[PDB]
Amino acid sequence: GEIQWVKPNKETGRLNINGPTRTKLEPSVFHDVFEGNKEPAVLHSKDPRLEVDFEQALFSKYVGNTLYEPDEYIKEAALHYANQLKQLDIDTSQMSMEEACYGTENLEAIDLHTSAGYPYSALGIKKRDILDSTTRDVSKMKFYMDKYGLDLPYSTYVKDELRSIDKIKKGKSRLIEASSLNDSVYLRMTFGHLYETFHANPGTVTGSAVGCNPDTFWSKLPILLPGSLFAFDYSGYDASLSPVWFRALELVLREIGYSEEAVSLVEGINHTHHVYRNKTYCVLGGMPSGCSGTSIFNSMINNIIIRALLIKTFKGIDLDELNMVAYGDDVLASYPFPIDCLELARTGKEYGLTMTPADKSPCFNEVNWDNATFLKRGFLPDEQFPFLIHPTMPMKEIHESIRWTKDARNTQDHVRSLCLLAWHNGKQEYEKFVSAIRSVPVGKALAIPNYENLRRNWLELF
């Protein structure tokens, strides 16, 4: 992805868009009970903690574009995936606006505590002023659909979150590109059924993990991905996507029966306009971080990518022997013979993709179930029932989260969440965590899940 141009808002007649500049995050009552290296991300250009120009680092992610049109490997890759999707019988028909706004069994309603985006978030209009969960009123939506229309600018803010320190000195905070409610609604109308199917079907048919439940999904992965594992990390996946991958996506959506009107919407996320503060810019390539279908579209593109890489990198690759699961840029995959990702990464490079060894390994080693991660969690066979697989969030990550809070009113829920994550690491580790929590006054005030009960509840999920 590449920034094409940057004009003042005056020249473009776009409204200014300013986000918060002070972090909501404060050290929690556990900040000095647990070790951690992470601090709230740099939000503002005159942060004492900085060591580079802020805005420079912000948009460094857009590393450029290599390919703009699918070659033969990508075309063949697109087709193999779309064929695999055909057995899902995705409803290519347009979802109703009442449904697209207020949700279904398999697609959550549009979030209403959240910004309506351009231009409403500059005209003091909330989504609570356009939508009513209780009415399912869609009439006022229709109206604004027509006033402001489609293909509105995204609204660029900086993400409020913990970051490792190098990323704080080096200023590489992340960006939130807020879609307009208009585009969200229309995108949900166009692909809502696709969202539904994907959510209802995490696994190796969609090749997506969106909608999985890691407590239970983790036991199926060694069966869904038989054979030899491979894995790797991207840098700036979303931003690094060149327009070819959206061309590629278009092929898949077409092959599974989408009308050319529908397919025509992909160009609208490949080529986007963004307002950040007092300026307007253009991005060609790159997945807009906050458009409808980000996770699903990134997951599909990843499925196109992994196939293209294999058959352009190796001889006699049988794509049918490929199993993979993706959640955005995160991938786990298997093949009947080992795959050397050093070679995939070299091919990746030609495609504008920067692929590094899995989990910040210095070099591409072998990936096995004993060191694989997916969604940050490991794989750990239960000691009693070796076929039940524990997802293992690393305690290190769990301690990074507990040392901060955005509202200490909600400490209870926060610590309870972390325990649901921590117990999988085993009894010993968990009781170490709990008693560290208890080691502090409000820690003795919290209701903490019993390890035995967590386990018992887990076993009963099966």
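Just so we're on the same page, rigid core means the largest C-alpha set that superposes within 1.5 Å between forms. The numbering used is simple: start at 1 and walk along the sequence shown.
With every structure aligned by its rigid core, 358-366 is the stretch of 110-118 and 358-366 whose CA positions lie farther away in 5 other deposited structures of this protein. The stretch 53-61 shows the higher mean C-alpha B-factor when 28-36 is compared against 53-61 in the entry. Per-stretch averaging of Cα B factors for 124-132 and 71-79 places 124-132 on top. For the set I301, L152, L251, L322, the PDB entry puts the maximum C-alpha B factor at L152. Residue-level inspection of the entry shows that, of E366, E343, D215, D330, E366 has the top Cα B-factor.
When the CA B factors of the chain's modelled residues are split into thirds, the value for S45 lands in the highest one. Among all modelled residues in its chain, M145 ranks in the highest third by Cα B-factor. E350: CA B factor lies in the middle third for its chain, per the PDB record. Among all modelled residues in its chain, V440 ranks in the lowest third by Cα B-factor.
When the modelled residues of the chain are ordered by C-alpha B-factor, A308 sits in the lowest third.
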